[PDB]
């Protein structure tokens, strides 16, 4: 699950949303989703989940973005899917280049300590993946 404050970019409108607002309003936005071959596509959100308060850890990515997610949340890495809690400084996660919109890899600059936080989940049509804080994560 992703924490309150997580930014979700809609590739159709160009608007960046905070996940808690997408869930609370059940907003029918589109997000960027990664397909099997690693290409990125625009897909609509089809389910919204308010997962309550849970433990979340943080991953600071090259570029400044910090994604907070439960340690079990799966992240797409150079080595495939891996739980966020297993990642360490130096590991590379798949990301969406903000300028080109293409898939690339970014180094995790830092792992932040666990804390309690409101968490959410979004279901993305067909691809079951989504870009959050620029990082390709599991949906």
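Residue numbers count along the first chain shown, from 1.
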Taking the chain's C-alpha temperature factors as the reference, tell me which third residue 117 falls into: lowest, middle or highest.
highest
Residue 28 CA temperature factor, ranked by third within the chain:
highest
Third of chain Cα B-factors occupied by residue 49:
highest
Should residue 43 be placed in the lowest, middle or highest third of its chain by the C-alpha B factor in the entry?
lowest
Taking the entry's C-alpha B-factors for this chain, is residue 35 in the lowest, middle or highest third?
middle
